[PDB]
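Here's a solo chain for you in structure tokens, the form solved without 1-methyl-L-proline (3BY).
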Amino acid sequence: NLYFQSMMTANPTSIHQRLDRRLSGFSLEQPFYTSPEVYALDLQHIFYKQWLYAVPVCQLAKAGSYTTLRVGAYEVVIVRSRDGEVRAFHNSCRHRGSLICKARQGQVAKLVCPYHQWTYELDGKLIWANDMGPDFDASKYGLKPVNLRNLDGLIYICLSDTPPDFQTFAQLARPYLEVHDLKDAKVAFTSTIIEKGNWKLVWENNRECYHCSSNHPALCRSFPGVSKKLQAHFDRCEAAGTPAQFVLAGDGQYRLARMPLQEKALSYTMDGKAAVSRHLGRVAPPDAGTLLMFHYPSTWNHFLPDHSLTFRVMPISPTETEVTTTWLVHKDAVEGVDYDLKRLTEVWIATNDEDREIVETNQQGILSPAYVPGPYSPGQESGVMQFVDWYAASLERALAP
């Protein structure tokens, strides 16, 4: 309701003027975080144009296996086709538009629409349509495809018919990710939450640890030009065949780095030790730490020697964002034997809840018409500024006539 109150008296969003006068050292003016007009632009120009992380490919290990997701108002279905390729389609029947797959996941022989049973093969092709006449050309009524790439076991999609370059990022990232053998994972746990903040607020909060000391007791135990200590850490990883070195995109979109953990910590556990005894991938040394990877606007990620976590950021409304956290473990690791579910997840479930509380409290103060932009900490918040620059530049380029 704060959102509605705030809406009423807001000055016009005059987006070009706001972008023109924006200073990189400062939080965004209110309508970036609260307005429906900027939200529609963020959808149209960011989420509907960039590559987005969807799910781990291991969720689609089986024959005829499918999983569905919403991206803004798009309903997407991702399916393992007959020929073993993974493909993605718009989950909308070409007859009258019905969703075809209604469950979050399943297995099918064919994609059969529940309304009137137009039946499609798993590559999208319409192979039967009831009583449509002889003037019906089934070749014009195949499922609409959705661009898809496999990033070394992690499925990404893009809803534009003209997607940007994914290959540069894929080629940069393979070395770092291939060593995790993600295609041999299974999902041990998924947690989906809604945060009552604009997606930008979720990213700003992710891209600093300025707030961590006070707000993240559990994570702090394990989670901490290149400094001396740090290069030394990259050197042990790389000496052992485990790529680790800081890579930052030219345009700031993604970043990869294998960072050391605090103290004697090996993993994101309350005791600091490995959560899973049967490791996912061949990372060495054991204290190689965490491979941080972000790709804007959809995902941040921690790949550890024993297990991995992917984080998917999706917009729900101007002041709501769905965060999906997926724990990946070796496909033959056994719950109750090789890992304990509580021990595996408790750290990040608590961290996520603490972040959500912070983001939500932040959003509420921002909705005040008295909110003005404020200065980011150069020492503590340069990753926030780095995110906000990427956003603003993406938006300016999409708005260019």
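Numbering starts at 1 and follows the sequence shown.
Here the subject shifts to the form deposited with 1-methyl-L-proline (3BY) bound, a form of this protein not shown in this document.
- Of the candidate stretches 244-252, 296-304, 82-90, 134-142, only 296-304 contains residues with a heavy atom within 4.5 Å of 1-methyl-L-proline (3BY) in the deposited complex.
- Contact annotation: of the candidates 209, 155, 266, 159, the single residue with a non-hydrogen atom within 4.5 angstroms of 1-methyl-L-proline (3BY) in the deposited complex is 209.
- Residue in contact with 1-methyl-L-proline (3BY) in the deposited complex (any heavy atom within 4.5 Å), chosen from 257, 219, 173, 148: 219.
- Put simply, residue 348 is close to 1-methyl-L-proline (3BY) in the deposited complex: some heavy atom of it is within 4.5 Å.
- In the deposited complex, residue 223 approaches 1-methyl-L-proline (3BY) with a heavy atom inside 4.5 Å.
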